[PDB]
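*Asks:* See coords_29.cif below, with mmCIF, C-alpha atoms and all ligand atoms.
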```
data_structure
#
loop_
_atom_site.label_atom_id
_atom_site.label_comp_id
_atom_site.auth_asym_id
_atom_site.auth_seq_id
_atom_site.Cartn_x
_atom_site.Cartn_y
_atom_site.Cartn_z
CA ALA A 4 -17.39 20.85 -5.85
CA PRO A 5 -15.31 23.89 -4.85
CA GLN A 6 -13.97 25.37 -8.08
CA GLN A 7 -10.45 25.48 -6.67
CA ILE A 8 -10.48 21.73 -6.28
CA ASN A 9 -12.11 21.16 -9.66
CA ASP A 10 -9.55 23.36 -11.41
CA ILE A 11 -6.52 22.05 -9.56
CA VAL A 12 -7.46 18.42 -10.19
CA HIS A 13 -8.51 18.81 -13.82
CA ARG A 14 -5.55 20.99 -14.83
CA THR A 15 -3.15 18.33 -13.48
CA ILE A 16 -4.86 15.06 -14.32
CA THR A 17 -6.06 15.79 -17.84
CA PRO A 18 -2.55 16.32 -19.28
CA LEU A 19 -1.30 13.37 -17.22
CA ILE A 20 -3.86 11.04 -18.86
CA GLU A 21 -2.91 12.43 -22.28
CA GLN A 22 0.84 12.15 -21.76
CA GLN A 23 0.69 8.69 -20.25
CA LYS A 24 -2.11 7.32 -22.50
CA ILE A 25 -4.03 6.14 -19.44
CA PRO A 26 -7.25 4.37 -20.46
CA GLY A 27 -9.22 5.07 -17.31
CA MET A 28 -8.58 6.88 -14.05
CA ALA A 29 -10.35 7.76 -10.79
CA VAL A 30 -9.13 10.38 -8.33
CA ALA A 31 -10.35 11.36 -4.87
CA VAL A 32 -9.18 14.43 -3.05
CA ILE A 33 -9.75 14.56 0.70
CA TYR A 34 -9.96 18.21 1.63
CA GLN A 35 -10.61 19.24 5.20
CA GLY A 36 -11.63 15.63 5.72
CA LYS A 37 -14.36 15.44 3.02
CA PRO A 38 -13.90 13.49 -0.23
CA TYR A 39 -14.30 14.85 -3.76
CA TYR A 40 -14.30 12.50 -6.73
CA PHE A 41 -13.26 12.63 -10.35
CA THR A 42 -13.35 10.03 -13.12
CA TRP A 43 -12.09 9.76 -16.69
CA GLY A 44 -12.22 7.28 -19.50
CA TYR A 45 -12.69 3.54 -19.54
CA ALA A 46 -12.74 0.60 -17.16
CA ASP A 47 -13.18 -1.74 -20.14
CA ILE A 48 -12.23 -0.36 -23.53
CA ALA A 49 -13.75 -3.20 -25.55
CA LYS A 50 -17.15 -3.13 -23.82
CA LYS A 51 -17.10 0.68 -23.61
CA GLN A 52 -17.60 0.68 -19.84
CA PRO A 53 -16.67 4.03 -18.25
CA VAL A 54 -14.76 4.50 -15.03
CA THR A 55 -17.21 5.31 -12.23
CA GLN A 56 -16.99 5.81 -8.47
CA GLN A 57 -17.88 2.09 -8.17
CA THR A 58 -15.15 0.80 -10.50
CA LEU A 59 -12.72 -1.66 -8.86
CA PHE A 60 -9.04 -1.11 -9.55
CA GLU A 61 -6.05 -3.33 -8.58
CA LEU A 62 -4.17 -1.51 -5.82
CA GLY A 63 -0.93 -3.47 -6.26
CA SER A 64 1.42 -2.55 -3.44
CA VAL A 65 -0.94 -0.03 -1.90
CA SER A 66 -2.21 -3.37 -0.49
CA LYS A 67 0.88 -3.28 1.73
CA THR A 68 -0.71 -0.47 3.71
CA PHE A 69 -3.70 -2.72 4.57
CA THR A 70 -1.25 -5.51 5.49
CA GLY A 71 0.71 -3.11 7.68
CA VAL A 72 -2.43 -1.92 9.46
CA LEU A 73 -3.72 -5.48 9.90
CA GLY A 74 -0.35 -6.35 11.42
CA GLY A 75 -0.59 -3.28 13.66
CA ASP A 76 -4.04 -4.38 14.80
CA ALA A 77 -2.65 -7.81 15.69
CA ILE A 78 0.07 -6.16 17.79
CA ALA A 79 -2.61 -4.04 19.49
CA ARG A 80 -4.58 -7.25 20.16
CA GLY A 81 -1.50 -8.70 21.88
CA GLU A 82 -1.38 -11.52 19.32
CA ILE A 83 2.12 -10.75 17.97
CA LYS A 84 5.06 -8.51 18.83
CA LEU A 85 7.28 -6.96 16.18
CA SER A 86 10.22 -7.99 18.36
CA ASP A 87 9.24 -11.68 18.13
CA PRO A 88 11.56 -13.95 16.10
CA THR A 89 10.06 -15.05 12.78
CA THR A 90 10.55 -18.65 13.98
CA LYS A 91 8.10 -18.16 16.82
CA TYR A 92 5.27 -18.23 14.25
CA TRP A 93 6.92 -20.58 11.77
CA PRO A 94 8.72 -23.27 13.83
CA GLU A 95 9.60 -25.24 10.67
CA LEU A 96 11.90 -22.34 9.69
CA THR A 97 14.88 -23.93 11.39
CA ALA A 98 17.72 -22.72 9.16
CA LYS A 99 20.37 -20.74 11.08
CA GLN A 100 20.19 -17.53 9.00
CA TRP A 101 16.76 -16.91 10.52
CA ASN A 102 18.25 -16.44 13.98
CA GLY A 103 17.81 -12.77 14.77
CA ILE A 104 15.31 -12.06 11.95
CA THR A 105 12.20 -10.64 13.62
CA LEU A 106 8.69 -9.78 12.46
CA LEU A 107 9.84 -6.13 12.36
CA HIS A 108 12.51 -7.02 9.81
CA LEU A 109 9.99 -8.79 7.61
CA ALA A 110 7.47 -5.97 7.86
CA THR A 111 9.99 -3.32 6.92
CA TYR A 112 12.16 -5.05 4.26
CA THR A 113 15.20 -5.15 6.55
CA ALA A 114 15.64 -8.93 6.99
CA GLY A 115 18.86 -8.79 4.96
CA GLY A 116 17.97 -9.10 1.28
CA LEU A 117 14.75 -11.11 0.84
CA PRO A 118 14.02 -10.84 -2.89
CA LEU A 119 11.58 -8.50 -4.54
CA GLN A 120 9.47 -11.39 -5.87
CA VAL A 121 8.66 -14.81 -4.58
CA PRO A 122 9.71 -17.04 -7.45
CA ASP A 123 6.86 -18.00 -9.81
CA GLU A 124 8.03 -21.56 -9.35
CA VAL A 125 6.75 -21.47 -5.76
CA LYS A 126 3.30 -22.99 -6.08
CA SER A 127 2.74 -25.16 -2.99
CA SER A 128 3.12 -24.47 0.71
CA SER A 129 6.10 -26.86 0.85
CA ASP A 130 7.67 -24.85 -1.99
CA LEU A 131 7.30 -21.74 0.15
CA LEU A 132 9.01 -23.32 3.16
CA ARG A 133 11.82 -24.53 0.89
CA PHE A 134 12.29 -21.03 -0.55
CA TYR A 135 12.63 -19.33 2.83
CA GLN A 136 14.79 -22.10 4.34
CA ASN A 137 17.21 -21.94 1.45
CA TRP A 138 17.31 -18.17 1.11
CA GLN A 139 20.75 -16.72 1.98
CA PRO A 140 20.90 -13.12 3.28
CA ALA A 141 23.36 -10.72 1.76
CA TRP A 142 23.30 -8.59 4.91
CA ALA A 143 22.88 -8.87 8.66
CA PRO A 144 19.37 -8.16 9.84
CA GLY A 145 18.39 -4.54 10.35
CA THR A 146 21.21 -3.05 8.31
CA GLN A 147 19.85 -2.64 4.77
CA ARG A 148 16.45 -2.05 3.24
CA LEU A 149 15.49 -3.90 0.07
CA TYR A 150 11.83 -3.41 -0.87
CA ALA A 151 10.33 -6.87 -1.30
CA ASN A 152 7.03 -8.70 -1.70
CA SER A 153 8.64 -11.77 -0.13
CA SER A 154 9.42 -9.80 3.04
CA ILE A 155 6.16 -8.00 3.93
CA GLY A 156 4.13 -10.82 2.34
CA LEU A 157 5.56 -13.26 4.87
CA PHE A 158 4.95 -10.75 7.66
CA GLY A 159 1.26 -10.63 6.72
CA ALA A 160 0.90 -14.37 6.65
CA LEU A 161 2.59 -14.82 10.03
CA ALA A 162 0.86 -11.85 11.67
CA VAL A 163 -2.54 -13.54 11.38
CA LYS A 164 -1.46 -17.01 12.58
CA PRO A 165 -2.35 -16.54 16.26
CA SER A 166 -5.90 -15.44 15.33
CA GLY A 167 -6.38 -18.75 13.52
CA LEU A 168 -8.10 -16.73 10.79
CA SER A 169 -7.06 -16.92 7.17
CA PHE A 170 -5.38 -13.75 5.94
CA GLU A 171 -8.48 -12.87 3.90
CA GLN A 172 -10.82 -13.57 6.86
CA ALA A 173 -8.68 -11.47 9.18
CA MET A 174 -8.52 -8.57 6.72
CA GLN A 175 -12.28 -8.60 6.08
CA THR A 176 -13.35 -8.83 9.69
CA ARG A 177 -10.70 -6.68 11.41
CA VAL A 178 -10.08 -3.97 8.79
CA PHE A 179 -12.55 -3.83 5.87
CA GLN A 180 -15.75 -4.37 7.83
CA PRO A 181 -15.12 -2.00 10.72
CA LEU A 182 -14.14 0.76 8.28
CA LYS A 183 -17.16 0.08 6.06
CA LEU A 184 -14.93 -0.72 3.10
CA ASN A 185 -17.74 -2.78 1.54
CA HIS A 186 -16.35 -2.70 -2.02
CA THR A 187 -12.77 -3.66 -1.15
CA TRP A 188 -11.68 -7.21 -1.85
CA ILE A 189 -8.80 -9.61 -1.85
CA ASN A 190 -10.82 -11.85 -4.18
CA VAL A 191 -13.35 -10.00 -6.29
CA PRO A 192 -16.72 -11.74 -5.80
CA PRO A 193 -18.92 -12.65 -8.80
CA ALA A 194 -21.43 -9.99 -7.65
CA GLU A 195 -18.85 -7.26 -8.19
CA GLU A 196 -17.31 -8.53 -11.48
CA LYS A 197 -19.31 -6.03 -13.58
CA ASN A 198 -17.38 -3.26 -11.78
CA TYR A 199 -13.89 -4.78 -12.05
CA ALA A 200 -11.84 -2.73 -14.53
CA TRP A 201 -9.43 -4.40 -16.91
CA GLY A 202 -5.80 -3.37 -16.59
CA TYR A 203 -3.91 -2.56 -19.77
CA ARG A 204 -0.37 -3.62 -20.47
CA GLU A 205 0.93 -3.02 -23.99
CA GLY A 206 -2.67 -2.55 -25.11
CA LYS A 207 -3.79 -5.93 -23.77
CA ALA A 208 -6.50 -6.33 -21.11
CA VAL A 209 -5.00 -8.08 -18.06
CA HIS A 210 -5.73 -8.90 -14.42
CA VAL A 211 -3.23 -9.74 -11.70
CA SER A 212 -1.96 -13.32 -11.86
CA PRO A 213 -2.31 -15.65 -8.86
CA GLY A 214 0.90 -16.11 -6.92
CA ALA A 215 2.38 -16.96 -3.54
CA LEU A 216 1.68 -14.35 -0.83
CA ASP A 217 -0.26 -12.30 -3.39
CA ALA A 218 -3.03 -11.31 -0.95
CA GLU A 219 -0.51 -10.13 1.59
CA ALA A 220 1.76 -8.17 -0.72
CA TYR A 221 -0.27 -6.81 -3.63
CA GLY A 222 -3.68 -8.43 -3.90
CA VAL A 223 -6.31 -5.86 -2.83
CA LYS A 224 -8.86 -4.36 -5.28
CA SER A 225 -10.97 -1.32 -4.32
CA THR A 226 -13.08 1.57 -5.52
CA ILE A 227 -12.23 5.23 -5.39
CA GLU A 228 -14.89 5.71 -2.68
CA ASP A 229 -13.48 3.01 -0.42
CA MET A 230 -9.95 4.28 -0.97
CA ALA A 231 -11.03 7.78 0.03
CA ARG A 232 -12.43 6.26 3.19
CA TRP A 233 -9.12 4.40 3.69
CA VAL A 234 -7.31 7.74 3.46
CA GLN A 235 -9.78 9.39 5.88
CA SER A 236 -9.23 6.51 8.35
CA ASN A 237 -5.45 6.87 8.19
CA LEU A 238 -5.67 10.68 8.44
CA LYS A 239 -7.71 10.55 11.62
CA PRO A 240 -7.32 7.20 13.42
CA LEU A 241 -8.78 8.64 16.62
CA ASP A 242 -12.27 8.71 15.04
CA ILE A 243 -12.10 4.92 14.68
CA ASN A 244 -14.24 3.20 17.32
CA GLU A 245 -12.49 -0.18 17.33
CA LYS A 246 -9.60 0.34 19.75
CA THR A 247 -7.12 -2.18 18.34
CA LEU A 248 -7.70 -0.94 14.79
CA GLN A 249 -7.20 2.67 15.81
CA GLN A 250 -3.96 1.59 17.49
CA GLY A 251 -2.89 -0.52 14.51
CA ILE A 252 -3.26 2.44 12.17
CA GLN A 253 -1.10 4.50 14.48
CA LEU A 254 1.53 1.72 14.63
CA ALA A 255 1.70 1.49 10.84
CA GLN A 256 2.67 5.18 10.64
CA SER A 257 5.37 4.95 13.28
CA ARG A 258 8.88 5.53 11.97
CA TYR A 259 11.04 2.36 12.29
CA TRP A 260 13.99 3.06 9.97
CA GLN A 261 15.42 5.98 8.08
CA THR A 262 17.01 5.97 4.64
CA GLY A 263 17.92 9.34 3.20
CA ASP A 264 14.91 11.55 3.94
CA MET A 265 12.35 8.75 4.08
CA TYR A 266 11.08 6.76 7.04
CA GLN A 267 9.70 3.29 6.83
CA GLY A 268 6.37 2.49 8.49
CA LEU A 269 4.38 -0.75 8.28
CA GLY A 270 3.40 -0.60 4.59
CA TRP A 271 3.24 3.23 4.64
CA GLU A 272 6.34 5.28 3.96
CA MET A 273 6.67 8.80 5.37
CA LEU A 274 8.69 12.01 4.98
CA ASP A 275 8.56 15.21 7.03
CA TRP A 276 6.17 17.85 5.69
CA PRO A 277 7.00 20.15 3.99
CA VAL A 278 8.77 17.83 1.63
CA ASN A 279 11.19 18.62 -1.07
CA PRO A 280 9.08 17.58 -4.07
CA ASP A 281 12.14 16.51 -6.07
CA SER A 282 12.95 14.15 -3.23
CA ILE A 283 9.61 12.31 -3.24
CA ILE A 284 9.20 12.57 -7.00
CA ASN A 285 12.67 11.28 -7.89
CA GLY A 286 12.55 8.92 -4.91
CA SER A 287 9.48 7.14 -6.25
CA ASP A 288 11.26 6.06 -9.42
CA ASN A 289 11.81 2.30 -9.16
CA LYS A 290 15.52 2.92 -9.81
CA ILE A 291 15.68 4.33 -6.27
CA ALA A 292 12.63 2.78 -4.62
CA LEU A 293 13.68 -0.80 -5.32
CA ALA A 294 17.40 -0.25 -4.56
CA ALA A 295 19.33 -1.77 -1.64
CA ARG A 296 19.98 1.07 0.82
CA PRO A 297 21.59 1.16 4.28
CA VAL A 298 19.15 2.06 7.06
CA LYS A 299 19.48 3.81 10.39
CA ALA A 300 17.40 2.19 13.11
CA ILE A 301 15.07 4.56 14.92
CA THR A 302 15.47 3.33 18.46
CA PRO A 303 12.71 3.33 19.64
CA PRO A 304 10.42 4.08 16.65
CA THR A 305 8.94 7.59 16.54
CA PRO A 306 5.15 7.51 16.92
CA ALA A 307 3.15 8.74 13.94
CA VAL A 308 4.11 12.32 13.12
CA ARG A 309 1.20 14.52 12.05
CA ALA A 310 3.37 16.82 9.91
CA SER A 311 4.23 14.05 7.44
CA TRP A 312 3.74 13.25 3.83
CA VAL A 313 2.57 9.66 4.15
CA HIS A 314 2.31 7.69 0.94
CA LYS A 315 2.56 4.51 -1.07
CA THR A 316 2.79 3.65 -4.75
CA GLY A 317 1.28 0.46 -6.13
CA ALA A 318 1.42 -1.43 -9.41
CA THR A 319 0.32 -4.59 -11.05
CA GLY A 320 0.98 -5.52 -14.70
CA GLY A 321 -2.09 -3.55 -15.74
CA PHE A 322 -2.66 -0.98 -12.97
CA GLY A 323 -0.93 1.98 -11.28
CA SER A 324 -2.14 3.41 -7.95
CA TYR A 325 -0.90 6.11 -5.59
CA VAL A 326 -2.09 7.36 -2.22
CA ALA A 327 -0.62 10.29 -0.28
CA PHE A 328 -1.85 12.26 2.71
CA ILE A 329 -0.78 14.86 5.24
CA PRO A 330 -2.40 14.31 8.66
CA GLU A 331 -1.64 17.83 9.98
CA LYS A 332 -3.57 19.31 7.03
CA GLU A 333 -6.50 16.85 6.84
CA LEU A 334 -5.50 16.57 3.20
CA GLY A 335 -5.01 13.62 0.88
CA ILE A 336 -5.30 12.14 -2.54
CA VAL A 337 -5.94 8.77 -4.15
CA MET A 338 -5.10 8.20 -7.84
CA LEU A 339 -6.21 4.87 -9.37
CA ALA A 340 -5.46 4.05 -13.01
CA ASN A 341 -5.75 0.97 -15.22
CA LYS A 342 -2.26 1.29 -16.67
CA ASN A 343 1.03 0.96 -14.80
CA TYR A 344 2.56 4.36 -15.70
CA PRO A 345 5.78 5.72 -14.17
CA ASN A 346 5.77 6.46 -10.44
CA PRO A 347 7.37 9.93 -10.69
CA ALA A 348 4.48 11.12 -12.85
CA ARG A 349 2.03 9.96 -10.13
CA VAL A 350 3.91 11.68 -7.35
CA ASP A 351 4.45 14.86 -9.37
CA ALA A 352 0.71 15.17 -10.06
CA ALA A 353 -0.15 14.38 -6.45
CA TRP A 354 2.24 17.00 -5.10
CA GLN A 355 0.96 19.60 -7.56
CA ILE A 356 -2.58 18.98 -6.38
CA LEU A 357 -1.91 18.82 -2.63
CA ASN A 358 0.51 21.71 -2.65
CA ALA A 359 -2.07 23.95 -4.35
CA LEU A 360 -4.72 22.99 -1.77
CA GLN A 361 -2.59 23.24 1.36
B1 LIG B 401 4.12 -3.26 -5.45
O1 LIG B 401 3.27 -2.42 -6.30
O2 LIG B 401 5.43 -2.60 -5.40
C1 LIG B 401 4.20 -4.69 -6.11
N1 LIG B 401 4.13 -4.70 -7.57
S1 LIG B 401 4.19 -6.07 -8.42
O3 LIG B 401 4.38 -5.76 -9.79
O4 LIG B 401 5.29 -6.88 -7.96
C2 LIG B 401 2.73 -6.95 -8.22
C3 LIG B 401 2.58 -8.20 -9.04
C4 LIG B 401 3.31 -9.34 -8.70
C5 LIG B 401 3.15 -10.49 -9.48
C6 LIG B 401 2.28 -10.53 -10.57
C7 LIG B 401 1.58 -9.38 -10.88
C8 LIG B 401 0.61 -9.37 -12.05
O5 LIG B 401 0.10 -8.28 -12.41
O6 LIG B 401 0.29 -10.45 -12.62
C9 LIG B 401 1.73 -8.23 -10.12
#
```
Starting from the file, give its structure as C-alpha cells.
Ligand SMILES: *[B]([O])([O])[C][N]S(=O)(=O)[C]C1=[C][C]=[C]C(C([O])=O)=[C]1
*Replies:*
Amino acid sequence: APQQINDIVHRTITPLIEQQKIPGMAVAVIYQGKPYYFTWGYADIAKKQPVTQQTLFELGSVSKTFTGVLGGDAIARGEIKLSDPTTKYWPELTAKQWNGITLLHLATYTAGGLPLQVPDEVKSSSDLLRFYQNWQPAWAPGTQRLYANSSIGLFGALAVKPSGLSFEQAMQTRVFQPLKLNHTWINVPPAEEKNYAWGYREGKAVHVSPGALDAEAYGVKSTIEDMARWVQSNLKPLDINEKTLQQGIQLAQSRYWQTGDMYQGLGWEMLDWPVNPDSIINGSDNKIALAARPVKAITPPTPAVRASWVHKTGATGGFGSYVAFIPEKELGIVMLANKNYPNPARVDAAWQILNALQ
C-alpha cells in the first residue's frame, strides 16, 4: 500500500487500540476510490481467531444507512412517498396523535419524541401496535429531533410494505445483491458463523440480542471488504447500474433538517466540508447525539452535496463501528471494532486519517 496511507492509518489506530483496549479491529481507507485494508487483534479471544478481511462485525446503527437507502430505493420505485402519512401504510394506527406524522418524520427522528428504544417488553406484533398507538408525543411533528431506533425502525418496516417483501428479503434483493455485498447479513447464516466475531462488553463475549425492529434499526453484520464497497457505492452513486438504487442512495444523502451544523439525511448524517473537527468530534458524543434538539426544516430538501462529510456511528453492546466519507474527494474510511468504545475517539481518529490524506 502507499506508505502515506500505511503510516497515517497505523500511527492513528495503534494508539487508539491501546488506549481503548479494543480486542480486534478492521479499517478500510478508500483513497481515490480504491480500498486499502488493515486488521488488528482478535475476532474471538478465547479461540485465538484473528481479525481478517472476512471477519463479520455488528454494524449497530450504521445499519440505519442501509435502511435509509432501502427506503430511498422504494421512493425511487414509486412505492412510497416521504410525504405520505404513516397511517397510509399502517391503517390500524388510528390514534389521533398520528395525524400529521409522515414517513419523513419517522425516517429522520422528527415525529415528536419517539423513544430511543422500543421497550424490551414488546415481543409480539400486537405489542408493537399497542406501543405506537399509546405513545404520546412531547412535540408537534417536524419541530424537534430525537435520535431513535423506534422512529427509523418503523420507517424501514413500513417502507417495504408495498413491495410485499419482508424487510430482510427487500434488503437482500434490492441493496445487498446489486452492490455485490455478498458477506453482509441481517441474520448471519450458519455458513458464515466461523467468521462472526464476538463482541466484548466488560470482558464478556456477546452478540446483539433479538428485539423488535432490530433488523431495521441496528441489525446488519458485515465485513470490512463489503463495508468498503458500501462506502464506494455511497461516494459514487452514478456508477450504480440499478436506476432506483442509484436514486435511493442520492435521496438518503439529501438534507432534510438542520440542527446546529449538522444535516439529517435518511440514515446518513452530513456536515459541510471542510468541517470543524471539534464540531463532529464533540457532536458524536452520545451526550449531544442522543439529545432532543430543535430542527429547521429544509424546504425543499437540498440534494446530496458533494462537499460534505457524510457519516454515521454505530454500536451494539459488544461492537463499535464508524463510517465517514467525503464525496468531493473520493475519500472515506470504515472502522469496525468488537468493543463499543466512545464515539469521539472514533471520529477523532477518522478525521486525523482523512484530513492527512485529503
Ligand atoms: B445505534 O448504534 O445508535 C443503536 N445502538 S443500540 O445500542 O441501541 C443497538 C442495540 C439495541 C438493543 C440491543 C442491543 C444488543 O447489543 O443486545 C443493541
*Asks:* One decimal, in Å: what's the spacing between atom CA of residue 57 of chain A and atom CA of residue 73 of chain A?
*Replies:* 24.2 Å
*Asks:* So, with all atoms listed in the file as the atoms that count, which of A:305, A:64, A:128, A:139 lies closest to ligand LIG 401 (chain B)?
*Replies:*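 Among the listed residues, A:64 lies closest to ligand LIG 401 (chain B).
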*Asks:* Report as a PyMOL selection string which protein, DNA and RNA residues come within 8 Å of ligand LIG 401 (chain B), using all atoms listed in the file.
*Replies:* chain A and resi 62-65+67+119-120+150-152+209-214+217+220-222+316-323
*Asks:* Of the candidates A:154, A:17, A:250, A:256, which one gets nearest to residue 68 of chain A if we count all atoms listed in the file?
*Replies:*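 Going through A:154, A:17, A:250, A:256 one by one, the smallest distance to residue 68 of chain A is for A:256.
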*Asks:* So which residues touch residue 184 of chain A within 10 Å, counting all atoms listed in the file, skipping near sequence neighbours fewer than 6 positions away, as a list in words?
*Replies:*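 Selected residues are residues 175, 178, 225, 226, 228, 229, 230, 231, 232 and 233 of chain A.
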*Asks:* So how many Å separate atom CA of residue 243 of chain A and atom CA of residue 223 of chain A, to one decimal?
*Replies:* 21.4 Å
*Asks:* Within 6 Å of (16.8, 0.0, 4.6), in the coordinates the file gives, what residues turn up when you count only C-alpha atoms, written out as a PyMOL selection string?
*Replies:* chain A and resi 113+147-148+262+296-298
*Asks:* Can you write out as a Markdown table which residues of segment 162-247 of chain A fall within 12 Å of segment 89-103 of chain A, alongside each residue's closest atom pair and its distance in Å to one decimal, counting all atoms listed in the file and ordering rows by chain and ascending residue number?
*Replies:*
```
| residue | atom | partner | partner_atom | distance |
| --- | --- | --- | --- | --- |
| A:162 | CA | A:92 | CA | 8.2 |
| A:163 | CA | A:92 | CA | 9.6 |
| A:164 | CA | A:92 | CA | 7.0 |
| A:165 | CA | A:92 | CA | 8.1 |
| A:166 | CA | A:92 | CA | 11.6 |
| A:167 | CA | A:92 | CA | 11.7 |
```
*Asks:* Can you pull out the residues contacting residue 107 of chain A? Cut-off 7 Å, using only C-alpha atoms, and skip same-chain residues under 4 positions away; I want them as a ChimeraX atom specification.
*Replies:* /A:85-86,111
*Asks:* Just to be explicit: take each residue in the selection above, keep C-alpha atoms, and write the result as a JSON list (two decimals), keeping the file's coordinate frame.
*Replies:*
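Output saved as result-v6.json:
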```
[["chain", "number", "residue", "atom", "x", "y", "z"],
["A", 85, "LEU", "CA", 7.28, -6.96, 16.18],
["A", 86, "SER", "CA", 10.22, -7.99, 18.36],
["A", 111, "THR", "CA", 9.99, -3.32, 6.92]]
```
*Asks:* Quote the spacing between atom CA of residue 328 of chain A and atom CA of residue 158 of chain A in Å to one decimal place.
*Replies:*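 For atom CA of residue 328 of chain A relative to atom CA of residue 158 of chain A, the distance reads 24.5 Å.
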